[PDB]
Structure formats: structure tokens, C-alpha cells
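> Sending over a structure as C-alpha cells; questions will come in a sec.
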Amino acid sequence: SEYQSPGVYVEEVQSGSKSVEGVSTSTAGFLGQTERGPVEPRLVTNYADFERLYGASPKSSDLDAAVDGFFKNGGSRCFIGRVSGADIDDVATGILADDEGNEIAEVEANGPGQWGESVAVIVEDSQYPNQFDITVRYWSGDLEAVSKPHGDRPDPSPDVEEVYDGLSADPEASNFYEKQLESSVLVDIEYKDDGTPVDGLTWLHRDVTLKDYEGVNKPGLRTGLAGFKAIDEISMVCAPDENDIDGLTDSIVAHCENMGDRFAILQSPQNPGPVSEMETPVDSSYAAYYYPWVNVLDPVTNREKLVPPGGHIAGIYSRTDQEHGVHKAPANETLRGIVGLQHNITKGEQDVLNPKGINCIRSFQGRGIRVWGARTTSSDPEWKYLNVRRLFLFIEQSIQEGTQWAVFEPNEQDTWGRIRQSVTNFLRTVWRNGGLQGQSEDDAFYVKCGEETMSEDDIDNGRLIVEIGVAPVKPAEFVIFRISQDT
Amino acid sequence: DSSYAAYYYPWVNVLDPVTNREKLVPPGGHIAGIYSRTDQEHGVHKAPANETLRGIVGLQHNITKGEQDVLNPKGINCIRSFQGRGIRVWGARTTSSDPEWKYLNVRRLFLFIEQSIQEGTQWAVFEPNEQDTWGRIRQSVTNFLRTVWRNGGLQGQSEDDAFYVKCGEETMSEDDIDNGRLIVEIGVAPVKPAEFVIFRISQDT
Amino acid sequence: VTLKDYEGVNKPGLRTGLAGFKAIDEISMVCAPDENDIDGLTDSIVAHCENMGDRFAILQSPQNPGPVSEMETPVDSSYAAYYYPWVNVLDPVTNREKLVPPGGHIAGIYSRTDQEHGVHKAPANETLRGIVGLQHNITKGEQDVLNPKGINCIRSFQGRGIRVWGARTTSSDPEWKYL
Amino acid sequence: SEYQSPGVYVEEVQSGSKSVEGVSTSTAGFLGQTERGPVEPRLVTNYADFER
Amino acid sequence: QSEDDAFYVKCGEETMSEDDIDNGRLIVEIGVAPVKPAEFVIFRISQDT
Amino acid sequence: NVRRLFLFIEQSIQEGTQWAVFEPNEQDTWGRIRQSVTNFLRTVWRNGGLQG
């Protein structure tokens with residue numbers, strides 16, 4: 001500071017260490033087809049939210065089953081992205097009119113597709129002066145059989161119902177209908193002119209490939225994977241129908257490798273061929289591969305049905321992360337929400353599959369159905385185990401996001417000590433929770449920043465270099481007992 | 001291509017107090033205010049970057065990380081907007097091509113030091129050119145530079161690493177004394193900013 | 001009214017708006033209930049509090065802030081706090097419910113906590129008096145996304161009532177994370 | 001790596017040793033005539049599999 | 001648990017030099033340790049001992 | 001058994017060292033390779049396969 005006139009001065013100084021906070025690690029992302037809903041990614045925390053916002057899947061998709069398996073196994077949060085074969089602007093619309101026939105508002109469905117042709121909007125008048133009520137109804141089945149869509153009890157009870165009571169036409173009020181109808185899973189309203197609508201009912205009229213899974217990337221609209229790559233909470237991605245669309249596995253693995261902060265879960269085909277000839281599709285350290293398919297009860301036929309196991313496995317990942325940590329291998333855990341498997345694998349066949357990076361789901365007598373295998377598809381010996389990759393992702397993202405205060409700071413010993421202290425505190429916390437291995441701190445990790453890592457050419461060019469060394473913990477895959485008679 | 005100038009980009013948006021609408025203006029005065037604030041709360045040796053802009057609504061364009069890799073090595077300073085952090089100045093270089101005056105705070109520190117020395121030494125003109133005056137001048141300049149060092153402006157774990165001052169028979173010869181010249185030599189080591197923060201992480205030990 | 005009326009007059013013998021407030025040394029927190037109807041007022045309030053250096057700013061979200069996965073705080077100051085959502089009250093001219101921002105109730109909670117506990121006590125896990133209900137009910141899954149972003153929530157627990165659940169600032173500096 | 005714009009960089013380094021794993025050593029191959037079956041080689045882990 | 005853990009105050013010849021005295025500066029250095037809230041209350045329960 | 005042991009060792013080495021192709025030909029790679037092969041052979045020695 002500068003002191004030019006007499007007085008009292010109070011100044012604040014920076015302290016000797018700054019805390020780092022860990023990031024989320026149990027959020028998932030799903031892609032696939034639905035019947036209703038928007039095409040921008042939305043967060044879901046429960047299965048009833050999913051049924052309310054999106055509905056069911058068509059016969060060519062198995063998204064509903066995968067989300068159900070995710071939440072039955074202890075998952076916490078999903079990001080849903082809806083993929084649609086229709087143009088984004090193929091949306092049903094409508095108009096509201098005033099006393100003498102002026103269009104005052106414009107109603108639009110909340111997503112593209114033919115479903116918007118089955119939405120009815122009903123306007124009625126309220127008992128209080130200058131107020132009216134609005135109702136929105138949606139039927140999932142045939143419209144030809146709906147007898148009284150306007151009455152208090154239609155012939156088939158509607159699938160979705162929404163009512164808004166205290167509405168007004170004053171734009172500066174808090175009960176203006178544009179502000180109240182904004183939280184609605186069915187429609188959108190836009191204001192045009194001054195007036196209040198007349199009573200009655202009205203319907204909305206005039207309504208996949210690899211490039212749809214890739215998504216749209218425009219200045220104000222993102223779908224598909226382009227929409228996911230602008231969300232920083234997702235830590236694992238899955239596409240249940242990845243084997244019906246050629247060229248999607250590589251796109252998913254490339255997305256995860258280019259972001260550098262997420263993991264890919266892959267499932268085998270329904271018919272992968274002979275056992276002696278199976279291989280993994282990719283050779284990435286950012287993916288894992290599971291086998292075989294599973295059996296579930298179908299809620300529209302009440303019969304068994306064969307589905308891929310991806311969502312159940314993502315739910316197992318989330319559960320293990322919540323109750324043990326990211327350093328725990330998500331294997332030797334039970335699958336909930338299924339009836340049986342496609343095949344039963346023996347111990348002789350897994351001796352051929354396990355050294356190849358293929359993870360198996362097996363069933364033991366007296367113990368149930370469990371995941372038996374925790375490897376990645378990688379050939380590098382340094383990234384053979386899955387929990388090591390997940391721990392490194394967690395650590396690296398925490399460091400990246402929690403150190404932006406240090407840019408443009410003086411390149412001298414105070415900043416060096418501060419940075420060293422922060423990183424040491426974070427790594428000691430990780431060590432205390434069982435993630436690092438060693439009976440002392442010197443065995444588990446080290447951090448270096450000073451004149452041993454930086455030279456003078458570095459200081460003259462603006463570079464601050466920190467070197468960190470760590471020792472992760474690995475699972476026990478073979479438990480061996482050697483018993484003898486001696487001593 | 002001067003060492004006495006800095007160059008900022010792009011324009012900003014403000015509310016106009018006669019129309020109550022947005023309006024696009026150059027960012028010069030906001031940046032000068034940031035300079036003044038940083039000088040008041042940190043010192044002249046602190047780079048006036050990674051600081052927030054107050055009093056605006058938005059920018060003209062949003063610059064990405066790929067475009068700044070082309071602009072930054074050219075001496076052009078950018079104003080960017082980060083999600084979760086706001087609008088900030090990201091760059092602290094001069095328009096100069098000389099490698100000795102690449103950073104802005106070094107030039108500002110030298111301006112400060114040189115003007116202080118120029119204005120606070122006029123008592124020494126026409127004084128006797130002998131050892132007493134030499135010791136007096138040396139002592140004064142050493143006190144000033146040690147004060148600058150203690151406040152974080154100079155770099156080194158000891159005084160010998162940060163600066164030196166010389167005045168005597170090693171700087172002056174006899175032809176100098178006969179012609180009325182008193183020569184003082186000063187050497188200094190300024191501190192520079194941390195522009196790239198690098199973390200190299202491995203699995204060994 | 002405009003932004004220049006909220007800024008106030010600054011003449012030798014007349015001060016209104018914020019120019020009038022900056023000559024009073026008792027004020028310790030400032031709030032403007034209608035800050036979302038006048039564009040450019042949030043920044044002016046945060047700048048006033050940062051330039052005086054002795055007061056704190058309380059901010060409320062809009063009535064329609066968008067999807068949950070896209071919310072952010074308006075500023076990145078250590079001199080401000082951000083609360084969400086709106087509340088319901090009885091209107092004394094119609095005797096009906098009405099939706100209002102929660103700023104004044106929260107300032108009253110600040111004052112109460114300061115009187116009965118001290119300035120070192122976090123003004124959270126405290127009850128809101130004088131309301132009827134909230135705008136939305138926030139779950140535990142949605143606050144896991146909002147809390148690490150500096151957004152403070154007002155929630156309702158069964159058996160315990162309506163309470164403020166969160167005590168952070170809008171700041172990104174790790175040294176000024178808590179209020 | 002190359003550093004052209006200011007920010008934070010995180011980089012991974014290769015470690016000082018890489019593990020080697022032993023290969024299988026107790027699998028056999030048989031050739032001869034049968035009454036049924038395919039003519040591509042198939043893996044068998046039990047005699048009932050062979051008869052089937 | 002003690003005063004040395006909570007704060008310190010310094011003013012003397014460790015904070016001021018002679019160039020400071022000659023220019024009219026009096027420097028006081030204060031260090032403090034504030035208390036922070038309990039946001040996560042965690043109970044780890046086991047069967048051992 | 002000598003022939004069978006050599007078959008085992010040579011195939012393990014062949015299949016578990018493909019990361020080293022096109023790497024820099026300098027002291028770091030040398031130390032890394034030496035360390036890996038020494039660990040494998042010490043494991044073989046501890047199980048009674050080598051003599052000394």
C-alpha cells in the first residue's frame with residue numbers, strides 16, 4: 001500500500017494454506033429413446049421423476065429398464081439425454097384468443113414428436129374478479145375413445161394432469177400466467193398481446209442414426225453427447241442400445257478420452273460368438289466391458305425379457321462409491337432387480353475370459369448372482385485395475401478445479417510453500433481414508449515445489465512446477481492358503 | 001512496439017443513464033481503476049491480472065482457450081469470462097519485443113524506483129567528492145532497496161541475492177574525480193508472475 | 001423508476017439512494033427487494049459493499065431461474081450471499097396468498113442470530129416466521145448440486161418446519177468460503 | 001507439453017516399473033475322428049460337454 | 001485451548017526497521033484463528049471392542 | 001521340465017513387453033525394462049524354479 005496522508009490503515013494478508021475439496025463421483029449419464037420429454041439433458045434423482053418427465057420407451061429401446069435397474073441397485077443421480085429421430089422443430093403448437101378474437105398467447109409442446117397431438121388445454125373462469133384457471137391434460141392411448149375430455153371425469157382417466165388456479169393477465173404481478181406455467185412438464189406459454197382468454201378446450205395441431213446420438217451443436221442448443229460435454233458432474237456414461245447403432249462404441253470411448261474426466265461402461269452383444277474367439281471392442285484405459293445379458297419382468301406383458309446389464313452395473317458403481325469410497329473395487333457385489341442370467345459361466349471358461357479384460361456376472365450356489373471381475377479393457381500394465389483409474393480421475397479433477405487462485409501470483413518462496421501445504425493436506429486426507437498404501441506418510445506420497453523442480457529459465461518464462469508421487473492400493477484377486485505339517 | 005504501453009481486448013457492455021439500455025464502450029477506464037486498486041492493496045510489484053471487473057453487464061465476444069493461444073504470445077491481453085468465477089482480466093504483458101521488458105509489473109517497479117531516486121538525491125550536487133559523501137549515498141540507497149525487498153518486491157533469501165550498491169574507488173577513477181563525476185552502480189533482481197501452473201503426477205514412490 | 005434513481009442524488013446538501021447510505025456508519029447489511037426488476041442493480045449493490053468495505057450484501061434468486069443443472073450465482077464476491085427460493089405470505093388488502101422474495105425475512109434472521117449468539121454463529125438451521133409456504137420443495141438430491149455452487153437453500157422438514165439450510169458466500173476463494 | 005495461454009495444467013508421468021504376468025501352462029489340444037460336431041476347434045472343460 | 005493457539009500481536013523491533021522510523025511508519029502485525037461451522041455430522045459405528 | 005520352463009518364460013516375456021516399442025532409447029527406458037524383468041525372475045526363483 002501507499003501512505004501519503006496521515007491516519008490509520010488496516011490491511012488484510014493472505015494465509016499459509018488453502019483448502020481443497022473433493023468432487024462428486026457417483027453421477028451417471030444415460031442416452032436413448034423415450035416417448036415424451038425435452039431433448040436437453042435433465043437431472044433426475046428418482047424413478048417417479050423419470051416417469052413423470054419422460055414416460056415409457058418404444059419397442060426399439062430399453063432405456064426405461066436401464067434406469068429402473070439403476071435406481072433399484074442404490075443409484076443416486078442420473079442425467080438423461082433424449083435422442084429422437086424427428087426434427088427438433090417438429091413440435092405441436094396452439095393459440096389462445098381473447099374476447100373479440102385476438103391471439104394473446106402461444107402454446108407449444110415440451111418436445112418434438114406426435115405425442116403433442118394428444119395434449120388438451122382448458123381455460124375456465126375463477127370466482128374472484130380478474131382471475132381464471134388453466135388445466136392441461138394428456139392421454140397416452142387412443143383419442144378416438146376419449147368421450148368427455150372437457151368434463152370433470154373423462155372416459156379413460158388421463159395419464160397426466162396439471163391445474164393452475166390463481167392466474168392473472170397483469171405482467172407486473174407474480175401470478176401472471178407466463179410465470180406460473182413455467183414449471184410444467186407438458187407445455188410452454190409465450191405472451192403476445194393484452195387480454196384474457198375465453199373459456200373452453202383446445203388441442204395442439206400440425207405436428208435414429210449415429211448422427212442423432214452425436215447431437216446438435218449450435219450456439220443456443222445442445223443435444224446428444226454435445227450436450228453432455230458441457231456438464232461437469234457426470235462421471236460415467238452408458239448407452240443401452242450401443243450395439244444396434246454401428247459406430248457408437250468408438251464415439252463414446254472417444255468422448256470419454258477427450259474429456260479426460262469420465263468412464264465408459266460397455267456391454268457385450270446378445271450373440272458374441274464362440275468363447276475361444278471373444279475380444280474386447282476397444283483397447284482403452286477409460287472403459288470396462290461386462291458380460292452376459294440378464295432377465296427381468298416386463299411391466300406391460302408380465303413376462304420375462306432379456307436386457308443388457310449396463311444400468312444395473314452403473315447403479316452398483318454408485319452404491320459402492322457411496323458406502324466404501326472410490327478406491328474400492330465394485331466387484332463381489334450383488335445385483336438387485338433381476339430374475340436370472342442368459343448363461344451360467346463356469347470356472348473353466350473364466351480362466352480364458354478374465355486375462356482378456358472381459359468381466360463376468362456369475363451365480364454361486366448359496367451366495368447369489370454377483371459381479372466377478374474388476375479390470376479395464378487396457379493393455380498397458382499400469383492401468384490394469386479399475387479403481388486405480390477412478391482414483392486418479394478424482395484426484396486430478398479436484399486439483400484442477402481447486403487451484404485457480406494461484407495463476408498470476410508472484411513466483412517466489414511464499415507461493416511455493418502455500419501450494420505445497422495445500423496439496424499435502426489433501427493427499428494426507430486421501431491416505432487416512434484407506435486410498436493410499438503405507439505405514440507412514442513417506443511411503444504413501446510426496447510433494448515437491450522449490451529450487452529442486454524449477455530452474456532460472458523456468459522463472460524467467462513464468463512456469464511454476466509441482467511434482468507429486470503417489471502409491472495406490474489394489475484389490476486381492478487370488479486368496480491363497482499354503483498349508484503344511486511342519487512346525 | 002513500446003515497453004511503455006499495454007494493449008487490451010475486447011469492448012464491454014454498460015447501462016446508459018439516459019436511455020436505460022445497453023451500450024458498447026471501450027474498457028480503458030475500468031482497467032485503469034483495476035490498476036489503481038491493485039496498487040493500493042498489494043503493491044506495484046503485483047500483476048494486475050486475475051482480477052474482477054465491476055460496473056459492467058457483459059462482453060462483446062467470449063474468447064476461448066484455443067484463440068488465446070494465438071493472441072497471448074503477441075502481446076495482446078484478453079478479458080474473459082469463466083463459469084463459476086466471473087469476468088476477469090487474463091494477461092499481463094506489454095507490447096514490447098525486448099525479452100527484458102516482457103512483463104508489466106517489472107516496468108512499473110523500475111519506474112517507481114527510478115523516480116524516487118531522481119527526486120530524493122538533490123542534496124548531493126556540489127558536495128565534496130570524497131569518502132564521506134560516498135558512504136552517505138551508499139547508506140541511503142541501501143536502506144531504500146532493503147525496504148523494497150522486505151515488502152516482497154525483490155527476490156532472494158538473503159540481501160546479497162536481491163541487490164547490491166557500489167560507490168568508491170571501484171566505480172570511480174582519477175579522471176572522473178578531476179572532472180566532477182560521482183558514479184553509483186546498483187544491481188537489482190525483480191520478481192515475476194506465475195503464468196503457467198503445472199502439476200506432474202506419477203505412481204512412483 | 002430506473003437504475004439512476006436507485007443510485008441516488010449526490011449534491012452538496014442532498015443525498016438519496018445509495019449515496020445517502022454511504023454516509024451512515026451503522027449499516028452492516030444492505031438489501032433491495034426489487035433488485036431483479038431493474039437491470040444493473042445487483043452489480044451496483046455488490047460494488048457499494050466492496051468499496052465501503054464494512055457491509056454485507058444479501059441477494060435473492062429470480063422467480064424463474066431456469067433448470068437446476070444450469071444455475072449459477074450472479075457475482076463472485078466475498079461480500080455477498082445468495083438465497084433460494086421465493087416464499088408465500090398473506091396479503092393484507094386481498095386476504096389471499098402472494099409470492100414474494102425472501103430477503104427481509106433472512107435479514108431479520110441475521111439480526112436475531114447476532115443478538116442472541118454472536119457474530120461468529122452461522123445464521124442457518126433457524127426457523128422462518130411470518131410465512132405460509134414455499135415456492136418449491138427441494139430434496140436432498142438437488143441440494144447436492146446446488147450447495148457446492150454457493151447457492152443457499154430454504155427447505156422444509158417433516159416434524160421440524162421451514163429452515164435455512166446453507167451458510168456459504170458466492171466467493172471462489174477458499175479462504176472466504178464461510179459467512 | 002506446450003504452454004501458450006495462462007492457466008492450470010495437470011500431467012501424468014510414467015512410473016518406474018511395469019508388471020509381467022505369467023501365461024497358462026496346462027491346456028491341451030486333441031485331433032481325431034468323431035460322429036457329430038463342428039470342424040472348427042472348440043474348448044471343452046468337462047467330459048459331459050464332450051459327449052454333448 | 002490457550003491464548004497462543006488463538007491469536008498473537010507483534011509491535012517492536014521485529015516488525016519495524018530504521019527506514020520505517022525515519023519515515024514515520026508504525027507497523028503492528030496480528031494473527032488470528034476463527035471458528036467454522038459443522039456442516040457434516042458423521043457417525044462411524046463398528047462391532048470391534 | 002527345463003524345456004517347459006523356458007517355453008513359459010519366453011512366452012511371458014514376448015507377450016508382456018509390447019509397451020516398449022518406439023520408446024526413447026535412453027537410460028529411463030533401460031532402468032524400467034531391467035526392473036520389470038528382475039521382478040519377474042525373482043518371483044520365479046522364490047517358487048523353486050531357479051537354483052541358488
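Ordered as shown in the C-alpha cells, chains take letters A, B, and onward, while each chain numbers its residues from 1 and ligands are numbered from 1 in the order shown.
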Can you pull out every residue within 6 Å of segment 67-83 of chain B, counting only C-alpha atoms, but drop anything in the same chain fewer than 3 positions away, and send it as a PyMOL selection string?

(chain B and resi 7-9+64+86-91+93-95) or (chain D and resi 4-5)

> Quick one: write out the picked residues with N, CA, C and O atoms as a PDB file, in the first residue's frame?


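The resulting file, part.pdb, is reproduced below:
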ATOM      1  N   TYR B   7      -1.951  -3.329 -24.054  1.00  0.00           N
ATOM      2  CA  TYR B   7      -2.998  -3.413 -25.069  1.00  0.00           C
ATOM      3  C   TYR B   7      -4.051  -4.431 -24.649  1.00  0.00           C
ATOM      4  O   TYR B   7      -3.728  -5.606 -24.442  1.00  0.00           O
ATOM      5  N   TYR B   8      -5.309  -3.991 -24.557  1.00  0.00           N
ATOM      6  CA  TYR B   8      -6.385  -4.807 -24.005  1.00  0.00           C
ATOM      7  C   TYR B   8      -7.508  -5.014 -25.014  1.00  0.00           C
ATOM      8  O   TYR B   8      -7.729  -4.188 -25.900  1.00  0.00           O
ATOM      9  N   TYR B   9      -8.228  -6.135 -24.857  1.00  0.00           N
ATOM     10  CA  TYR B   9      -9.237  -6.562 -25.820  1.00  0.00           C
ATOM     11  C   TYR B   9     -10.210  -7.523 -25.152  1.00  0.00           C
ATOM     12  O   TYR B   9      -9.775  -8.319 -24.309  1.00  0.00           O
ATOM     13  N   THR B  64     -12.244 -18.148 -26.323  1.00  0.00           N
ATOM     14  CA  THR B  64     -11.963 -19.485 -25.831  1.00  0.00           C
ATOM     15  C   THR B  64     -10.474 -19.641 -25.532  1.00  0.00           C
ATOM     16  O   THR B  64      -9.678 -18.715 -25.685  1.00  0.00           O
ATOM     17  N   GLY B  86     -16.685 -15.612 -13.054  1.00  0.00           N
ATOM     18  CA  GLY B  86     -16.993 -14.260 -13.475  1.00  0.00           C
ATOM     19  C   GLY B  86     -16.103 -13.755 -14.591  1.00  0.00           C
ATOM     20  O   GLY B  86     -15.419 -14.511 -15.277  1.00  0.00           O
ATOM     21  N   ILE B  87     -16.112 -12.435 -14.764  1.00  0.00           N
ATOM     22  CA  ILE B  87     -15.353 -11.767 -15.816  1.00  0.00           C
ATOM     23  C   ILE B  87     -14.048 -11.251 -15.227  1.00  0.00           C
ATOM     24  O   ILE B  87     -14.056 -10.529 -14.224  1.00  0.00           O
ATOM     25  N   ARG B  88     -12.928 -11.617 -15.849  1.00  0.00           N
ATOM     26  CA  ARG B  88     -11.610 -11.286 -15.327  1.00  0.00           C
ATOM     27  C   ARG B  88     -10.652 -10.933 -16.458  1.00  0.00           C
ATOM     28  O   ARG B  88     -10.833 -11.326 -17.612  1.00  0.00           O
ATOM     29  N   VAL B  89      -9.613 -10.188 -16.096  1.00  0.00           N
ATOM     30  CA  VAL B  89      -8.502  -9.893 -16.997  1.00  0.00           C
ATOM     31  C   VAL B  89      -7.510 -11.047 -16.940  1.00  0.00           C
ATOM     32  O   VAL B  89      -7.058 -11.432 -15.857  1.00  0.00           O
ATOM     33  N   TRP B  90      -7.158 -11.607 -18.108  1.00  0.00           N
ATOM     34  CA  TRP B  90      -6.321 -12.806 -18.191  1.00  0.00           C
ATOM     35  C   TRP B  90      -5.137 -12.496 -19.110  1.00  0.00           C
ATOM     36  O   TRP B  90      -5.138 -12.849 -20.286  1.00  0.00           O
ATOM     37  N   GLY B  91      -4.104 -11.868 -18.556  1.00  0.00           N
ATOM     38  CA  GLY B  91      -2.935 -11.492 -19.331  1.00  0.00           C
ATOM     39  C   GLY B  91      -2.257 -10.248 -18.798  1.00  0.00           C
ATOM     40  O   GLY B  91      -2.934  -9.273 -18.467  1.00  0.00           O
ATOM     41  N   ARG B  93       1.066  -8.728 -20.084  1.00  0.00           N
ATOM     42  CA  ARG B  93       2.254  -8.439 -20.875  1.00  0.00           C
ATOM     43  C   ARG B  93       2.212  -7.029 -21.459  1.00  0.00           C
ATOM     44  O   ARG B  93       1.163  -6.387 -21.515  1.00  0.00           O
ATOM     45  N   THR B  94       3.378  -6.555 -21.890  1.00  0.00           N
ATOM     46  CA  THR B  94       3.494  -5.311 -22.637  1.00  0.00           C
ATOM     47  C   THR B  94       3.578  -5.590 -24.138  1.00  0.00           C
ATOM     48  O   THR B  94       3.723  -6.730 -24.582  1.00  0.00           O
ATOM     49  N   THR B  95       3.487  -4.521 -24.923  1.00  0.00           N
ATOM     50  CA  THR B  95       3.598  -4.594 -26.374  1.00  0.00           C
ATOM     51  C   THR B  95       5.034  -4.758 -26.854  1.00  0.00           C
ATOM     52  O   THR B  95       5.267  -4.746 -28.066  1.00  0.00           O
TER      53      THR B  95
ATOM     54  N   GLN D   4       0.843 -22.019 -24.024  1.00  0.00           N
ATOM     55  CA  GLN D   4       0.641 -20.796 -24.789  1.00  0.00           C
ATOM     56  C   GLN D   4      -0.376 -19.844 -24.177  1.00  0.00           C
ATOM     57  O   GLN D   4      -0.324 -18.647 -24.462  1.00  0.00           O
ATOM     58  N   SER D   5      -1.293 -20.331 -23.349  1.00  0.00           N
ATOM     59  CA  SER D   5      -2.232 -19.465 -22.654  1.00  0.00           C
ATOM     60  C   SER D   5      -2.208 -19.765 -21.164  1.00  0.00           C
ATOM     61  O   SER D   5      -1.988 -20.909 -20.762  1.00  0.00           O
TER      62      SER D   5
END

> Give me the residues of chain C that have any atom at most 10 Å from an atom of chain B; for each, the nearest atom pair and the distance in Å, rounded to one decimal. Use only C-alpha atoms, sort by chain and number, and format it as a tab-separated table.


residue	atom	partner	partner_atom	distance
C:2	CA	B:20	CA	7.2
C:3	CA	B:20	CA	7.7
C:4	CA	B:17	CA	6.4
C:5	CA	B:17	CA	9.9
C:38	CA	B:20	CA	9.7
C:39	CA	B:15	CA	8.3
C:40	CA	B:57	CA	7.0
C:41	CA	B:55	CA	9.7
C:42	CA	B:55	CA	9.9
C:43	CA	B:55	CA	6.3
C:44	CA	B:55	CA	6.8
C:46	CA	B:54	CA	8.7
C:47	CA	B:54	CA	6.7
C:50	CA	B:54	CA	10.0
C:71	CA	B:84	CA	9.8
C:72	CA	B:84	CA	6.7
C:73	CA	B:84	CA	7.3
C:74	CA	B:86	CA	8.2
C:75	CA	B:86	CA	6.6
C:76	CA	B:85	CA	5.8
C:77	CA	B:52	CA	9.1
C:149	CA	B:84	CA	7.6
C:150	CA	B:84	CA	9.4
C:170	CA	B:84	CA	9.2
C:171	CA	B:85	CA	8.2
C:172	CA	B:85	CA	6.6
C:173	CA	B:85	CA	9.6

> Only C-alpha atoms, please: the residues just picked out, written as a compact mmCIF listing (two decimals), in the first residue's frame.


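Ended up saving to again25.txt:
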# COMPACT_ATOMS: atom_id res chain seq x y z
CA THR C 2 -34.71 3.39 -13.21
CA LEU C 3 -31.21 2.43 -12.09
CA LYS C 4 -30.19 6.10 -11.81
CA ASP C 5 -32.87 6.62 -9.15
CA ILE C 38 -34.06 -3.27 -12.52
CA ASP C 39 -31.16 -4.47 -14.66
CA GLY C 40 -27.73 -3.46 -13.40
CA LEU C 41 -28.62 -3.11 -9.71
CA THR C 42 -27.03 -6.30 -8.35
CA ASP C 43 -23.59 -5.20 -9.54
CA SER C 44 -24.12 -1.71 -8.11
CA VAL C 46 -22.06 -5.52 -4.64
CA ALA C 47 -19.73 -2.70 -5.72
CA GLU C 50 -16.95 -3.83 -1.69
CA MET C 71 -27.96 -22.32 -12.20
CA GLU C 72 -25.07 -20.05 -11.23
CA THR C 73 -24.53 -17.14 -8.93
CA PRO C 74 -24.63 -13.65 -10.46
CA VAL C 75 -21.40 -12.38 -8.87
CA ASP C 76 -18.24 -13.95 -7.43
CA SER C 77 -17.77 -11.65 -4.45
CA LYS C 149 -22.00 -23.74 -6.13
CA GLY C 150 -22.61 -21.19 -3.34
CA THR C 170 -20.71 -16.51 -3.51
CA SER C 171 -16.90 -16.45 -3.37
CA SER C 172 -14.47 -18.75 -5.19
CA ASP C 173 -11.52 -18.02 -2.88

> Per DSSP on the backbone, filter segment 74-202 of chain B down to the residues in alpha helix (DSSP H) and report them as a PyMOL selection string.

chain B and resi 104-119+131-150+159-162+174-179

> Kindly provide the residues of chain A that approach chain E to within 12 Å, each paired with its closest atom pair and their distance in Å to one decimal, based on only C-alpha atoms, listed by chain and increasing number, as JSON lines.


{"residue": "A:2", "atom": "CA", "partner": "E:25", "partner_atom": "CA", "distance": 11.3}
{"residue": "A:3", "atom": "CA", "partner": "E:25", "partner_atom": "CA", "distance": 9.0}
{"residue": "A:4", "atom": "CA", "partner": "E:24", "partner_atom": "CA", "distance": 11.0}
{"residue": "A:5", "atom": "CA", "partner": "E:24", "partner_atom": "CA", "distance": 11.2}
{"residue": "A:6", "atom": "CA", "partner": "E:24", "partner_atom": "CA", "distance": 9.4}
{"residue": "A:7", "atom": "CA", "partner": "E:25", "partner_atom": "CA", "distance": 10.5}
{"residue": "A:8", "atom": "CA", "partner": "E:26", "partner_atom": "CA", "distance": 9.8}
{"residue": "A:9", "atom": "CA", "partner": "E:27", "partner_atom": "CA", "distance": 9.7}
{"residue": "A:10", "atom": "CA", "partner": "E:28", "partner_atom": "CA", "distance": 9.7}
{"residue": "A:11", "atom": "CA", "partner": "E:29", "partner_atom": "CA", "distance": 9.8}
{"residue": "A:12", "atom": "CA", "partner": "E:30", "partner_atom": "CA", "distance": 9.9}
{"residue": "A:13", "atom": "CA", "partner": "E:31", "partner_atom": "CA", "distance": 9.5}
{"residue": "A:14", "atom": "CA", "partner": "E:31", "partner_atom": "CA", "distance": 10.9}
{"residue": "A:15", "atom": "CA", "partner": "E:31", "partner_atom": "CA", "distance": 9.5}
{"residue": "A:16", "atom": "CA", "partner": "E:31", "partner_atom": "CA", "distance": 11.4}
{"residue": "A:323", "atom": "CA", "partner": "E:44", "partner_atom": "CA", "distance": 11.4}

> Next, write the just-selected residues to a file, as a PDB file, in the first residue's frame, keeping C-alpha atoms as the atom set.


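Final file, part_39.pdb:
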ATOM      1  CA  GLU A   2       0.967   3.670  -0.325  1.00  0.00           C
ATOM      2  CA  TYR A   3       0.854   6.158   2.559  1.00  0.00           C
ATOM      3  CA  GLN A   4       0.500   9.815   1.542  1.00  0.00           C
ATOM      4  CA  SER A   5      -1.755  11.324   4.229  1.00  0.00           C
ATOM      5  CA  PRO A   6      -1.677  10.674   7.983  1.00  0.00           C
ATOM      6  CA  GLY A   7      -4.150   8.297   9.560  1.00  0.00           C
ATOM      7  CA  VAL A   8      -4.874   4.690  10.498  1.00  0.00           C
ATOM      8  CA  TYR A   9      -4.598   1.858   7.962  1.00  0.00           C
ATOM      9  CA  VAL A  10      -5.909  -1.712   8.255  1.00  0.00           C
ATOM     10  CA  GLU A  11      -4.723  -4.318   5.744  1.00  0.00           C
ATOM     11  CA  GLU A  12      -5.504  -7.983   5.111  1.00  0.00           C
ATOM     12  CA  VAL A  13      -2.834 -10.595   4.416  1.00  0.00           C
ATOM     13  CA  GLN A  14      -3.058 -13.992   2.728  1.00  0.00           C
ATOM     14  CA  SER A  15      -2.691 -17.050   4.953  1.00  0.00           C
ATOM     15  CA  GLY A  16      -0.386 -20.058   4.737  1.00  0.00           C
ATOM     16  CA  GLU A 323     -20.650 -46.693   1.045  1.00  0.00           C
TER      17      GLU A 323
END

> What are the closest atom pairs, with distances in Å to one decimal, for each residue of chain A lying within 10 Å of chain D, using only C-alpha atoms, rows by chain and rising residue number, as CSV?


residue,atom,partner,partner_atom,distance
A:274,CA,D:42,CA,8.0
A:275,CA,D:43,CA,7.7
A:276,CA,D:43,CA,6.7
A:277,CA,D:42,CA,9.7
A:346,CA,D:45,CA,9.0
A:347,CA,D:45,CA,9.0
A:348,CA,D:45,CA,5.9
A:349,CA,D:45,CA,7.6
A:351,CA,D:24,CA,8.9
A:352,CA,D:24,CA,9.1
A:355,CA,D:23,CA,9.1
A:380,CA,D:18,CA,8.6
A:381,CA,D:18,CA,6.0
A:382,CA,D:18,CA,6.4
A:384,CA,D:19,CA,9.9
A:392,CA,D:12,CA,9.7
A:396,CA,D:10,CA,7.0
A:397,CA,D:10,CA,8.9
A:399,CA,D:10,CA,8.0
A:400,CA,D:8,CA,6.6
A:401,CA,D:8,CA,8.8
A:402,CA,D:8,CA,9.9
A:403,CA,D:8,CA,7.5
A:404,CA,D:8,CA,6.9
A:405,CA,D:8,CA,9.9
A:406,CA,D:8,CA,8.6
A:407,CA,D:7,CA,6.4
A:408,CA,D:6,CA,8.4
A:462,CA,D:6,CA,9.4
A:463,CA,D:3,CA,9.0
A:464,CA,D:8,CA,9.8
A:465,CA,D:9,CA,9.7
A:466,CA,D:10,CA,9.6
A:467,CA,D:11,CA,9.8
A:468,CA,D:13,CA,9.9
A:469,CA,D:15,CA,9.5

> Need to verify the contact set: residue 25 of chain D, 10 Å, only C-alpha atoms, exclusion of same-chain residues closer than 3 positions in sequence. Can you return it as a list in words?

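The neighbour list is residues 22 and 28 of chain D; 4, 5, 7 and 8 of chain F.
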